[PDB]
Structures are given as C-alpha cells and as structure tokens.
Amino acid sequence: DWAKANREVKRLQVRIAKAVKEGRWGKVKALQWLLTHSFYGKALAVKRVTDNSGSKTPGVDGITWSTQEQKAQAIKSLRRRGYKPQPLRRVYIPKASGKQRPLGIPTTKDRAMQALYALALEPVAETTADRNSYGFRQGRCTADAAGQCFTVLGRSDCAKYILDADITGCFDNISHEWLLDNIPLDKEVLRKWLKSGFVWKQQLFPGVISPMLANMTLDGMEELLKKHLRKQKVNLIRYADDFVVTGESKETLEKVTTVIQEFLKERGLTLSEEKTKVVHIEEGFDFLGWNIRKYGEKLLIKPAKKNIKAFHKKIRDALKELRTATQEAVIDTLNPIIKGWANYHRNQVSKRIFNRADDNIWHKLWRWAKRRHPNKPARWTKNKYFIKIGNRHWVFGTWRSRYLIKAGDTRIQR
RNA sequence: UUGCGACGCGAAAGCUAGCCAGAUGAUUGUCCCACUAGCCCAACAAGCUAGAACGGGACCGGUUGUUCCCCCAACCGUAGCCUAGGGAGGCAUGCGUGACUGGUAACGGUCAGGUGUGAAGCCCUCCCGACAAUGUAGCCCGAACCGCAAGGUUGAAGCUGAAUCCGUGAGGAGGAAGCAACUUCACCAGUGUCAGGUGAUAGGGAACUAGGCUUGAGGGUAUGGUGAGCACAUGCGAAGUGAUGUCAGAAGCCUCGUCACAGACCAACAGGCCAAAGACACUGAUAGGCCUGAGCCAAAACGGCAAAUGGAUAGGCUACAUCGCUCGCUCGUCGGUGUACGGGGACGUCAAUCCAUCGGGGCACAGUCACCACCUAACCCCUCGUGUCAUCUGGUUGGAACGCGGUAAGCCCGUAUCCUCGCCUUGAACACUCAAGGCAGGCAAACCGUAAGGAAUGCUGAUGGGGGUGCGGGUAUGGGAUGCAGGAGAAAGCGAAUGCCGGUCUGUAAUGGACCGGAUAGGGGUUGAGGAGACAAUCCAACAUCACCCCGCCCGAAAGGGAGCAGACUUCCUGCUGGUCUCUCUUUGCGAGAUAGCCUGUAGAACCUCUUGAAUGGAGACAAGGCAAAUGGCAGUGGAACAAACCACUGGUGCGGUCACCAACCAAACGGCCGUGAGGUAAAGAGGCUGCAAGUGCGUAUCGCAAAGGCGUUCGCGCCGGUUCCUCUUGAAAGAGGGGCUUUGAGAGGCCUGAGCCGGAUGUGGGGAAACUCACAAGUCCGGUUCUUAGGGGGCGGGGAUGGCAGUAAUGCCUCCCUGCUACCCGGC
DNA sequence: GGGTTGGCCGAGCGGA
Ligand SMILES: [Mg+2]
Ligand SMILES: [Mg+2]
Ligand SMILES: [Mg+2]
Ligand SMILES: [Mg+2]
Ligand SMILES: [Mg+2]
Ligand SMILES: [Mg+2]
Ligand SMILES: [Mg+2]
Ligand SMILES: [Mg+2]
Ligand SMILES: [Mg+2]
Ligand SMILES: [Mg+2]
Ligand SMILES: [Mg+2]
Ligand SMILES: [Mg+2]
Ligand SMILES: [Mg+2]
Ligand SMILES: [Mg+2]
Ligand SMILES: [Mg+2]
Ligand SMILES: [Mg+2]
Ligand SMILES: [Mg+2]
Ligand SMILES: [Mg+2]
Ligand SMILES: [Mg+2]
Ligand SMILES: [Mg+2]
Ligand SMILES: [Mg+2]
Ligand SMILES: [Mg+2]
Ligand SMILES: [Mg+2]
Ligand SMILES: [Mg+2]
Ligand SMILES: [Mg+2]
Ligand SMILES: [Mg+2]
Ligand SMILES: [Mg+2]
Ligand SMILES: [Mg+2]
Ligand SMILES: [Mg+2]
Ligand SMILES: [Mg+2]
Ligand SMILES: [Mg+2]
Ligand SMILES: [Mg+2]
Ligand code: NA
Numbered sequence: 027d028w029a030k031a032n033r034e035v036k037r038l039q040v041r042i043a044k045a046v047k048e049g050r051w052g053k054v055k056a057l058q059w060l061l062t063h064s065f066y067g068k069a070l071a072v073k074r075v076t077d078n079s080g081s082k083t084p085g086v087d088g089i090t091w092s093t094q095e096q097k098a099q100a101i102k103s104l105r106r107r108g109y110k111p112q113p114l115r116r117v118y119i120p121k122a123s124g125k126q127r128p129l130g131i132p133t134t135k136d137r138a139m140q141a142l143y144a145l146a147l148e149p150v151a152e153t154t155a156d157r158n159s160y161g162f163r164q165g166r167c168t169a170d171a172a173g174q175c176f177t178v179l180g181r182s183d184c185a186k187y188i189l190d191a192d193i194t195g196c197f198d199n200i201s202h203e204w205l206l207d208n209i210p211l212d213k214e215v216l217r218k219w220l221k222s223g224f225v226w227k228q229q230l231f232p241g242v243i244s245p246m247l248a249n250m251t252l253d254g255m256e257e258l259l260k261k262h263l264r265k266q267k268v269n270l271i272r273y274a275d276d277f278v279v280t281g282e283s284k285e286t287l288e289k290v291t292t293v294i295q296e297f298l299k300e301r302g303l304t305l306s307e308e309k310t311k312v313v314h315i316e317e318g319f320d321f322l323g324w325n326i327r328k329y330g331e332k333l334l335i336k337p338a339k340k341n342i343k344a345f346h347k348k349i350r351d352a353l354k355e356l357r358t359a360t361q362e363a364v365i366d367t368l369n370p371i372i373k374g375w376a377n378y379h380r381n382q383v384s385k386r387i388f389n390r391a392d393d394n395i396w397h398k399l400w401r402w403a404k405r406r407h408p409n410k411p412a413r414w415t416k417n418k419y420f421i422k423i424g425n426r427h428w429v430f431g432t433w442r443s444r445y446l447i448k449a450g451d452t453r454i455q456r
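Next comes the structure, spelled out in structure tokens:
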C-alpha cells in the first residue's frame with residue numbers, strides 16, 4: 027500500500043501548489059475537494075493518526091487489528107456530510123519542566139479529519155507563506171532563523187536598531203470570522219471546527243492542523259513591511275509566533291509598531307507592551323535562546339544565559355534523580371541531554387560557552403562521585419570514577443570505554 | 001541475621017567503680033652558698049651523699065613576645081611513672097577438617113592441625129615504649145660529566161657524628177669518618193650545536209605528626225557548653241522564646257567582574273617590535289620570529305598602568321576561633337582570614353596580597369540568627385592552705401556483656417502402654433475367604449545443595465506404620481518498636497522474704513523512695529551434716545530449703561511421678577488486639593461534557609423513487625478566489641521502439657455559467673381544415689432518504705483531577721493553609737490576582753522492620769581543664785517519646801490445579817495456585 | 001571568535 031499511497035498524495039500536493047503559483051483558486055479548491063475525497067488521502071490520514079500515540083478520546087476508537095484501519099477509513103470515506111466533531115478530552119501530560127501541561131485530545135475521527143485537511147492545507151501554506159517565516163514549515167530548523175539573523179545583521183548589513191516583539195492572546199484568539207473569510211479550505215468543515223471550541227483553551231498557537247492555521251494567519255507581515263523601502267533596513271525574521279524586526283532608527287521601528295498593530299488589529303491579536311521593546315545592537319535581544327548582540331562590530335550569536343541556565347537545570351535534575359545510580363546508567367541518562375544541547379548549538383558562537391558548560395557539569399559529576407563514598411579518600415574516587423582516556427585525565431566513566447561526551451569537543455561548523 | 005550480650009548470684013576466683021587508711025617510687029637543668037642527711041672518727045667545718053623538702057643568688061638550653069641582631073620578661077627542663085604504639089609466647093573461644101571413643105539412638109566426649117578472634121562493656125606474662133610506626137595540600141632536593149650496562153668519580157637536599165678546644169658544670173665552638181632518593185618530561189625569540197637558566201613529576205628530605213601527671217581549696221568571671229528529636233498550615237511531646245529559611249533554595253563556601261571558571265592557556269585576527277634577539281653555524285627580510293590584546297602604554301625586548309566600587313597592611317614552624325565549594329564528632333600536615341602578641345637597632349616594605357558592599361555563575365544529607373534561663377572556670381583577678389601525682393596493700397560499699405548456676409513445658413530419641421490403619425490390578429478358591437505383585441507409608445544415602453535440606457539407589461511395606469498418655473536420656477540460644485489476658489513449666493528466694501498482697505507518707509512528665517501489717521509447707525524411721533559438752537565421757541540435734549526409705553492424699557495400671565507462697569529469663573499453646581500503607585469500587589467538590597434517539601423549521605442542482613408536463617435520454621469545447629451526497633487503489637501521453645515490468649508529464653470528479661451537440665416530443669404556414677414539411681421543444685408536486693439549524697435527552701452517559709484543615713471569634717465573619725478552574729508573568733516545579741468548594745464509605749490486600757533522642761541507675765573509651773559532646777546493639781536495664789510502613793531470594797508441611805510422562809491401576813512425577821512454618825541465606829542497623 | 005586540558009590531602013568512630 028504505502029509504497030504508492032504517500033506518492034499519489036504528494037503528487038497531488040505538487041498539483042495544488044502548481045495551482046497556487048497562478049491565480050486559479052478554483053483549481054485549488056477542486057484539487058482539495060478531490061484529495062479529500064481520495065482513498066490514499068484517507069489512508070494517509072489514518073496512518074498519521076496511528077503513528078502519534080493514540081489513547082482514550084471521548085469517541086473511543088481503536089488503533090489495532092490492522093482492519094480498523096480499513097474500517098475507519100471507509101467510515102470517513104462517507105464522512106464529509108454528516109461529520110459532527112465531538113468536543114475534546116482535557117488531558118494532562120506531565121511535562122518534566124514544571125507542570126502537567128494540558129493538551130486537549132480530540133476524537134480519533136476528529137484528528138483523522140484534521141490530518142485529512144492538514145495534507146490538504148500544506149501545499150498552500152508552503153507557497154503562500156513568507157520566505158523569512160521559519161516556524162513549523164517544511165525543511166526549516168531554528169538554526170535557519172539564526173542564519174537569517176546572520177545575513178541580515180552582519181558586517182553593518184543593518185543599521186543597529188531592532189524591535190523585540192511578541193504576540194499576546196494565549197489560545198487561538200484569532201477572530202473566528204477572519205479564519206472563515208480567507209483560508210484555502212472548505213468553509214463548512216472549518217465552520218464546524220471553530221464552533222466546537224476547536225483546541226482546548228490552554229493552547230499557545232505556536241492538534242496537527244493548528245500550526246498550519248497559526249502560520250497562515252501570520253503571512254502578511256513581510257509584504258506589509260515592504261511598505262518601507264530602503265536598502266537593508268526593514269527585515270522581518272519570524273519563528274512561529276516570536277518575531278523580531280530590523281530597522282535603522284527608533285522612530286521607524288515605531289512606524290513598524292503601528293503597522294504591525296494595524297495588521298494584527300484585523301485578526302484577534304495585539305502585540306504586548308511588556309514583551310515588545312526596541313533595542314540597539316549592541317544591547318541585545320533574546321531570540322530562540324540565542325543572544326544577538328554586536329560587541330563592537332562583531333555579531334556573535336551566543337546562546338543566551340536563559341538557555342544555559344535551563345540546560346544546567348536539566349542536568350542538575352537528572353543527577354538529583356540518579357542519586358544512588360550505577361555509573362553506566364548516569365552516562366546513559368546524561369549523554370543524550372548533552373548531545374542534544376550539542377547538535378542544537380553547533381552552528382553558532384558556543385565553544386567558550388561549551389567549555390564553561392563542561393566545567394559546570396564536571397563539578398556536578400565530581401560532587402556525584404564524592405557524595406557516593408563519603409568516608410573514603412580522593413585519589414580513590416579519582417582513579418575509580420575517572421579514566422586517563424588519552425591526553426585527558428579526569429574523563430568520567432568506566433568499562442572499549444564508556445564515558446560522557448564533552449560538549450566542548452563538538453566541532454562548530456562555520 | 002552483628003564474635004559474645006537473657007536471667008539469679010558473686011557462694012569462691014579474677015577483671016572493675018566510689019570511699020577510707022597505710023607503704024613505696026617520684027615531684028623533672030647546672031653551680032655556689034642557706035637547712036638537713038653518711039657530716040670532728042676533736043661539735044668547727046676544710047671534706048663525703050641526697051635534696052616537691054617546697055630558700056636566695058648567679059648561669060645553661062628551649063619556646064613565645066611578628067625576618068635578623070642585642071637586651072629584657074614569662075614559661076618549659078636530661079627524673080619517676082602511665083597510656084597510645086610495636087614484638088614474642090601461652091591461654092580461651094568461633095568456624096571448619098581427619099583419627100579414636102562413649103551411647104540402643106537422639107546426641108556426645110578427646111586429640112591433631114587449618115583459619116579466625118581476643119575487644120569502646122569481654123584474656124594473662126615478658127620485652128621494646130614517647131623512641132617510633134603512620135600521614136601530608138605548602139617548602140627543599142629531585143644533578144655533573146666522564147661512559148660498556150649505569151659501573152664507578154664527585155655533588156647532594158639532608159641524617160648521624162667522633163677528635164679537639166673553652167667553661168667548676170649544665171653547656172658552648174667545630175663536623176674528620178660514615179649514611180643518603182636522585183627516575184621520567186617540557187620551556188628557553190626559527191632550526192641544529194654548545195654554554196647559561198625556568199616549570200610539572202616517581203621517590204627522597206626538612207618540618208611537624210610524636211602524647212599525659214608530678215601544688216591543692218573557696219569566690220567572681222565565658223572567648224567554652226547545654227536547654228531533646230521530629231514535622232510545620234496548625235503542632236506531637238515533660239522537654240526555652242521569637243524571627244527567618246526548604247530544592248526558582250536562607251546561612252556557609254568555591255570562583256569570577258557586566259562578553260562576569262583557572263584574575264586561564266594555545267590558535268586565529270589586529271597593532272607594534274626585532275635583525276635569527278647568551279654565543280656558533282643554517283635558513284628566512286617579512287610571517288621569519290616575538291610582545292600586547294576579544295583593555296591600554298609600550299619595546300631593545302626593562303617591563304609598566306588600570307582592572308565593578310571603595311578600603312587596609314609590612315615582616316609569624318605563635319596561641320585561640322573559623323574556613324579551605326555541605327552527614328555528625330575527634331584528629332594530622334599545609335594554606336587563607338579574624339582577635340591577641342615587651343625596648344632599641346639593622347634589613348628594608350606593595351602583589352593584581354587581603355578585607356568589605358554590590359553583580360554573574362554555582363555548591364545542598366537544613367538549618368541559621370537574635371534573645372532569655374542554666375552549667376562549667378581552663379585563663380585572669382582575689383582570698384586561704386602545704387602539698388600533689390603514680391603504683392601496691394588492707395578494709396568497706398557497689399557493678400558487669402567476665403565467673404558460677406538452672407531441662408522444663410518445646411523438640412528429638414528410647415521405653416512401657418491405649419487407640420487407629422490402608423489402596424489398586426489380576427488369578428480369586430466355598431460365599432469374609434486368600435494369593436502374587438505394585439503402590440501409599442516406614443529406613444540407608446551414592447550424589448547434589450555454602451545453606452534450609454533434598455534425593456539416586458538399596459531396605460521394608462501389618463512380621464509394619466501413625467496418633468494419645470506416663471516415664472527416662474539428650475538438646476532448645478538471648479533484639480526496643482502493637483499491647484494485654486489465660487494456661488504448660490517455673491531457677492534463685494522464704495519454714496517467715498530482697499518476693500507477694502494490703503495499708504500510710506512522699507517524689508517525678510514517667511519509672512520511684514521510706515515505714516507498718518498480713519498470710520505461706522502430712523507423719524515416722526534413717527543416715528546423722530552441724531553445734532553442744534570439765535573432756536574426745538555429754539556424746540547430741542532434725543534441717544542441711546531437707547542428703548534416703550515406708551504409709552496419709554492426687555495422678556498413672558506399673559515403675560514411680562508429685563503436691564505451701566512467690567516463681568526471674570527463654571520457650572510452647574489458646575484468646576482478644578493495635579498501627580500504618582497500597583490497590584479497587586463507591587460517594588461529594590471543581591472543570592469538561594457528547595453520540596444514538598425524540599422534536600420544530602430549513603435545504604437537496606449536484607440523493608433516489610413516483611405523479612407530471614414545452615415538459616426528457618446520452619455525450620463535446622471554453623472558463624471558474626460559486627458550491628457537492630461515488631470519486632485520483634482513476635485514466636491518458638511519453639520514456640520501454642510501440643510490446644512485459646517500472647519511471648517522467650497531463651487531467652476540475654460532479655453540480656452550476658457559456659458556446660455547442662445527438663437522440664425523443666412540435667406552435668405558426670396548408671385543397672372539407674382529410675394531408676404536408678422549411679421551422680419550436682429548459683417546469684412543478686408528493687413520499688422517503690441524507691445534511692443543516694435550534695430545542696429535549698441533560699448538567700446526563702462519560703472524562704480529567706481531588707478529598708486538609710487550622711486559628712481568632714465579638715457567632716456576622718476574618719487570617720493562615722488545602723483543593724479544582726481561569727488570567728498574567730517566568731527558560732523554569734517560583735510568583736501575582738480572581739471564581740467555587742473546604743468535603744464521604746466499603747472491599748480485599750500488604751507489613752511488624754529499623755533510625756534515633758530524653759531521664760534515671762550502672763560500666764567503657766576518644767575530645768575537653770570542666771561542664772558537656774561523639775561513640776560502645778538506642779552501651780545495657782527500666783521509664784517517656786516522635787519518625788521510617790517497614791528489603792530480596794530459597795526450602796519444608798497441608799489442601800487443591802491437575803496439562804502431560806509413566807501408567808491394567810493404585811498413583812507418583814515436571815509444570816500453577818491457596819495456605820502454615822522457616823535466620824535457611826545476602827542485606828541492614 | 002575556534003582549539004586544547006585541568007580539578008585529586010590523609011586517618012578514625014558512628015549514621016541518613
Ligand atoms: Mg564475691
Ligand atoms: Mg622521695
Ligand atoms: Mg635564658
Ligand atoms: Mg620584638
Ligand atoms: Mg599472641
Ligand atoms: Mg616526655
Ligand atoms: Mg627541579
Ligand atoms: Mg638525574
Ligand atoms: Mg613528595
Ligand atoms: Mg618526640
Ligand atoms: Mg554564653
Ligand atoms: Mg574579587
Ligand atoms: Mg570580560
Ligand atoms: Mg588581562
Ligand atoms: Mg615564629
Ligand atoms: Mg562557678
Ligand atoms: Mg550483678
Ligand atoms: Mg545481662
Ligand atoms: Mg534484650
Ligand atoms: Mg543475636
Ligand atoms: Mg523503650
Ligand atoms: Mg502464665
Ligand atoms: Mg528454689
Ligand atoms: Mg515487708
Ligand atoms: Mg505496698
Ligand atoms: Mg482495644
Ligand atoms: Mg467496615
Ligand atoms: Mg552514661
Ligand atoms: Mg561493639
Ligand atoms: Mg540513654
Ligand atoms: Mg545502629
Ligand atoms: Mg550505632
Ligand atoms: Na524503614
């Protein structure tokens with residue numbers, strides 16, 4: 027099946043996008059209508075449901091037996107006409123960073139319809155979106171937001187004034203009428219969705243279809259900031275909801291404040307007064323964990339000290355849990371944490387920050403090894419827990443050698 | 001489950017505490033006199049010894065008084081003893097292992113030799129003994145060239161040290177002879193050589209570690225301690241007061257300075273220098289090398305200035321306190337602080353050395369800070385006194401984990417005695433009949449299991465098994481954690497108590513203490529303990545908690561076993577019990593909250609059927625920000641040369657809108673209007689049936705959480721919390737604000753293990769001068785307390801599952817569950 | 001503005 031079921035869907039996605047590169051929204055709505063009423067679209071929809079850890083919804087359906095795939099997909103073969111979405115189930119997943127962050131879970135049939143119209147929406151939200159919008163799109167990392175911050179703010183390639191903005195309104199605070207007016211999908215399905223209390227009201231508009247909506251609602255910013263015409267003055271860089279704007283002066287960024295607040299005025303959104311601030315590089319703004327400053331005609335994207343303190347909080351808590359552990363288990367928990375904070379900051383100025391990070395986790399590991407055996411000397415723990423692994427002594431681990447990854451040895455790529 | 005630890009006793013023996021009294025040694029540099037000793041052997045004295053004998057004078061050495069010098073002052077002394085520490089024996093004991101032996105068995109006794117332990121409650125003698133082990137973060141060494149390996153030559157931090165010389169002497173000056181680790185790297189302004197130097201390191205060394213007592217008593221005095229442990233919203237508790245803090249973390253500490261680890265380093269880059277920078281050559285004039293810097297001056301190149309903001313200082317094997325990035329307590333070296341530390345002189349002081357306030361990181365076995373009450377007196381001050389310290393001896397009161405004692409109910413074994421006793425299948429004969437065999441059961445264990453124990457095999461299989469009782473032999477063994485009550489048995493104690501039971505007074509939070517009263521044992525005979533008696537002649541006496549025989553009574557049939565109050569400790573049996581936690585359902589709070597159905601309108605061009613009627617059926621091009629009830633698992637073109645597989649490219653599927661059709665049906669023009677064809681043909685309405693829209697179902701099925709109250713009360717409420725939901729904020733388990741509530745039951749099921757702490761009575765050791773602290777199973781014992789829900793594995797007995805193997809079958813056997821026991825092992829304290 | 005390696009004082013009694 028799936029050796030062609032992805033293929034026909036993706037070809038028809040290509041045809042939707044080729045429709046939107048000319049006007050032809052009749053062609054677009056025809057191919058959306060057709061792809062939604064395709065067997066392959068429905069089969070893909072139930073695969074995307076079954077591969078996201080389905081659990082108890084209100085309208086409980088199963089996942090298993092490899093026939094309820096065919097049962098449910100023939101069920102939504104009919105189901106466009108009498109489709110009534112049932113409301114959500116208020117499910118708390120206990121995040122390991124502070125709460126049980128709530129996440130309203132739809133019905134499996136409702137999330138299958140969401141996956142259907144998600145593969146309908148995607149090739150329109152590719153082409154009609156921005157070109158400096160990096161949130162939640164295809165093929166785009168948050169590192170590319172830093173790359174756009176680089177080739178915007180480089181060797182005097184801006185003029186030193188940047189607006190650090192952010193958008194209020196927690197939920198999909200968008201006026202429902204605006205969504206129903208201009209979104210390239212069938213207004214009856216979206217009409218039934220927005221009535222239903224669509225996503226549970228602790229949602230932060232960054241459940242598959244809601245990023246497609248929250249990208250489509252924020253795609254006029256780049257065009258309406260080509261109302262200003264200078265050389266490299268206005269550049270907008272936006273990751274999913276958190277954007278910063280460039281400029282050349284304090285009052286022209288206030289033109290940009292009034293412009294963007296008129297833009298979001300039509301929708302249900304307002305920029306804040308707190309989180310919005312104008313700032314002069316070099317005084318720095320925080321953007322996706324990376325501090326951007328200048329430090330005297332350098333650029334120096336550095337990972338900010340609120341993305342370092344969060345990483346030390348993660349390792350501090352990983353060892354406050356493993357307080358009586360085995361040494362190889364301590365390597366096993368602490369090693370992908372450091373590798374994930376390595377591959378994420380490996381394109382920026384981070385090597386100095388990596389040596390300070392390995393320093394601080396080393397002191398945590400030393401306090402680990404010394405709190406292990408209280409009344410026992412120090413040369414014992416140094417040669418029992420730490421290995422001369424090379425030129426380096428003090429390399430934590432045991433055993442072919444099992445040992446932590448020094449984040450400082452992770453080879454920053456230009 | 002920790003080497004032992006329970007309980008009574010100290011009859012006796014040996015450790016041990018308090019007190020009393022004696023004896024002995026000692027009371028710690030040298031000399032001179034003072035006093036006394038062997039002192040006139042002439043009481044003169046010149047001369048001999050010892051001196052807490054507690055005197056004075058003059059001197060030696062050491063340490064402190066901040067490096068060196070010269071004074072001065074205080075303190076210490078080469079003596080005796082004790083301990084830590086080391087060595088060597090015996091001795092005792094724990095666990096094994098073989099050899100022998102008792103006994104019917106259960107179970108023992110004895111030697112050997114293998115390994116432990118001998119102690120903070122628990123071995124004896126001897127020797128070395130304040131010298132040493134032992135340790136170390138700072139300091140010092142850790143070379144210098146001959147050269148075959150490093151062999152030697154020398155050096156060498158340093159150790160030890162004679163000869164000599166001075167002084168009455170303590171001592172002072174020299175250091176011959178001897179001993180001694182020295183191993184491996186890196187940097188020097190390119191490379192190589194040679195010279196001249198610096199920094200890690202194996203080890204070595206210095207330094208300390210390396211003790212204590214030898215003058216007491218009172219009074220004042222704290223820099224020295226204590227005032228529980230826990231939780232915290234409230235508190236429990238006999239056990240200060242009040243703040244403040246709990247993981248987005250107080251106090252303390254390690255770092256570091258706004259880009260906030262090594263006041264880092266190397267590379268890059270930028271600015272400057274230099275002529276290969278100690279020489280001798282090679283190479284390079286510019287990247288050739290070096291300096292400085294994510295700040296600045298520099299420049300022959302000596303290096304300096306500020307380093308977030310202020311601020312301080314000279315010289316420490318000094319003493320005390322703290323700290324060196326977090327368990328408590330005692331220590332060793334080294335380093336930083338803070339307080340205290342005579343007179344003069346010389347040398348000369350400051351380096352990013354240190355402190356303080358902010359600020360960035362961190363570190364977390366939860367305390368901290370202030371006050372109050374009380375304790376102790378080292379030091380100092382004051383008063384009084386002449387001793388003090390160690391050991392041994394004797395007395396006396398005590399104690400114990402050391403020494404002694406107790407078999408009895410439990411269990412095992414033997415003995416006599418009463419009761420019970422199979423099961424199958426076949427040949428069954430006279431019908432119970434009986435056989436033959438296997439089972440079930442009784443005994444050995446080869447072998448396995450560290451271990452609980454099990455099992456091959458063999459042995460027996462009513463000639464034998466099992467249960468009950470009465471005896472006899474053996475062995476029961478030692479932990480506070482949930483009490484209590486009853487029974488079996490009950491050591492020591494008492495023929496009148498140390499116990500018991502009443503009574504009186506009194507103390508603690510609780511255990512307690514003193515005193516008065518009361519009960520409490522069949523007989524005889526015997527040995528004849530032991531005292532009597534002028535005596536050994538009397539030659540006794542019955543109790544010596546009763547040594548041994550018969551009757552009174554019980555029990556048993558017998559042998560006999562028993563029988564007065566308490567009756568400790570360990571056991572065994574029976575009953576009633578406690579606490580807390582996990583899971584499931586229930587009920588209530590907060591939030592969410594539907595589909596099917598029922599109903600009222602709406603739409604159906606893209607859903608059907610039917611009735612209809614200018615009112616039908618099948619198909620093309622063009623478009624398409626209008627819509628939809630099968631749909632793109634569709635079709636076409638091309639690549640394969642069209643062909644077989646696969647791959648590129650195109651497609652709006654339908655309704656609607658416009659041109660444009662094909663089938664099927666005709667208004668008008670037309671000879672009495674019989675006939676004709678050029679020409680015209682797109683609705684409405686009823687049934688279901690799907691959707692929509694509201695309502696009812698319904699605050700319901702169901703889902704996510706949660707069940708926590710206290711205090712003031714002025715009775716209205718308020719504050720502190722808890723719980724659910726919403727909103728702001730934060731990277732974040734933090735916070736801010738708001739709404740509600742402030743709240744029930746049952747079910748089975750775990751589990752009894754530990755941490756301590758306080759008081760009292762006793763012991764021991766480290767620290768301390770002492771209070772007091774840290775430990776000895778919470779020291780132990782009793783008493784009072786909170787807290788932890790209290791760990792895995794394995795085995796044996798019973799009832800089932802009970803699928804198979806073996807099976808004529810009895811049934812066992814590998815596999816599951818329920819249930820009883822188990823210290824049987826590895827934790828753990 | 002990338003590239004390397006540091007950190008370790010010992011004894012003893014008793015515990016979370
Ligand atoms: Mg005695
Ligand atoms: Mg004497
Ligand atoms: Mg002197
Ligand atoms: Mg002086
Ligand atoms: Mg010996
Ligand atoms: Mg001495
Ligand atoms: Mg050296
Ligand atoms: Mg050498
Ligand atoms: Mg050394
Ligand atoms: Mg000495
Ligand atoms: Mg005081
Ligand atoms: Mg500083
Ligand atoms: Mg800086
Ligand atoms: Mg500097
Ligand atoms: Mg000194
Ligand atoms: Mg006093
Ligand atoms: Mg006693
Ligand atoms: Mg005892
Ligand atoms: Mg006991
Ligand atoms: Mg025991
Ligand atoms: Mg008790
Ligand atoms: Mg009893
Ligand atoms: Mg007795
Ligand atoms: Mg009496
Ligand atoms: Mg009484
Ligand atoms: Mg009761
Ligand atoms: Mg009940
Ligand atoms: Mg005591
Ligand atoms: Mg002990
Ligand atoms: Mg006690
Ligand atoms: Mg313990
Ligand atoms: Mg203990
Ligand atoms: Na426990």
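Under the entry's author numbering, residues 27 to 232, 241 to 433, 442 to 456 are what the first sequence spells out, in order.
Cβ coordinates follow ideal geometry from the N, Cα and C atoms, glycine included.
- With which residues is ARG115 paired in a DSSP beta bridge? Paired residue(s): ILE131.
- Proximal residues to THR367 (C-beta, below 7 Å), its chain only, five neighbours per side dropped: So the qualifying residues of the chain are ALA352, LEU356.
From the DSSP output, which residues share a beta bridge with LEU216? In DSSP, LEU216 forms no bridge with anything.
Spatial neighbours of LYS398 within its chain, please: CB distance less than 8 Å, with the 5 preceding and 5 following residues excluded, ordered by chain position. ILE349, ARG350, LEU353
Throw me the rounded Cβ distance for the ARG41 and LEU57 pair, which I believe falls under 8 Å.
Rounded, the Cβ-Cβ distance is 6 Å, consistent with contact.
_In chain order, each alpha helix (DSSP H) run of at least 4 residues that lies wholly inside the region 252–295_ = With a minimum length of 4 residues, the unbroken runs of alpha helix (DSSP H) contained wholly in the region 252–295 fall at 255–258.
- Message: What would DSSP say about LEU230, mapped onto helix, strand or coil?
- Response: coil
Review point. Would you say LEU287 and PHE277 are within 8 Å of each other, going by their C-beta atoms?
Key: At a Cβ-Cβ threshold of 8 Å, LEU287 and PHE277 do not count as neighbours.
Quiz item: What span of residues does the beta strand (DSSP E) with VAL225 cover, start to end?
Solution: That residue, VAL225, is in no beta strand (DSSP E); it is neither H nor E in DSSP.
Practice problem: Between the Cα of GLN455 and those of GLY173, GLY108, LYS125, spot the shortest distance and give me the residue it belongs to. | Solution: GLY173
**Item:** alpha helix (DSSP H) segments (min. 4 residues) lying fully within the region 130–180
**Value:** 134–153, 169–178
| said: Give me, in chain order, the residues of the same chain whose beta-carbon lies closer than 7 Å to that of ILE315; leave out the 5 immediate sequence neighbours on both sides. | reply: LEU179, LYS186, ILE188, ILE326, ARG327, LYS328
| Classification of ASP27 by the beta-carbon crowding that lies within 10 angstroms, buried from 16 upward | exposed
- Decide if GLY323 is buried, meaning its Cβ has at least 16 other Cβ atoms within 10 Å, or exposed. buried
Self-check item: Opposing strand residues paired with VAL242 [DSSP bridges]
Solution: Answer is none; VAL242 lacks a bridge partner.
Mind checking which residues open and close the alpha helix (DSSP H) that includes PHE388? 385–406
Q.
Am I right that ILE209 and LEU220 are in contact with their C-beta atoms under 8 Å? What's the rounded C-beta distance?
A. Contact doesn't hold; Cβ gap of about 10 Å is too wide.
Check each candidate in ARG380, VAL268, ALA155, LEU247 and name the one with the smallest Cα separation from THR452.
-> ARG380
- prompt: Hey, how far is the Cα of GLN228 from the Cα of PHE197?
  reply: Annotation: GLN228 to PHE197 spans about 6 Å, alpha carbon to alpha carbon.
| request: Would you list the residues sitting across from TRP324 in a DSSP beta bridge? | output: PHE321, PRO337
Worksheet item: Can you list, in chain order, the residues of its chain whose CB lies under 7 Å from that of residue 462, leaving out five sequence neighbours each side?
Response: Nothing about residue 462 can be read from this structure; the chain reaches only from 27 to 456.
**Study point:** Residue burial classification, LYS336 (beta-carbon count within 10 angstroms, cutoff 16)
**Key:** buried
- Assuming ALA71 and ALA138 make a contact with CB atoms under 8 Å, what is their CB distance in whole Å? 5 Å
Note to self: Quick check on the DSSP output: the beta strand (DSSP E) that includes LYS53 runs from which residue to which?
What the structure shows: Segment 51–62 is the alpha helix (DSSP H) holding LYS53; no beta strand (DSSP E) there.
- prompt: When the Cα atoms are used, what is the spatial distance from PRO128 to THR415?
  reply: 44 Å
Review point. Exposed or buried, what is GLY108 when buried is set at 16 or more other beta-carbons lying within 10 Å of its beta-carbon?
Key: exposed
Residues bridged to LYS311 [DSSP beta-bridge criterion]: Per DSSP, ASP190.
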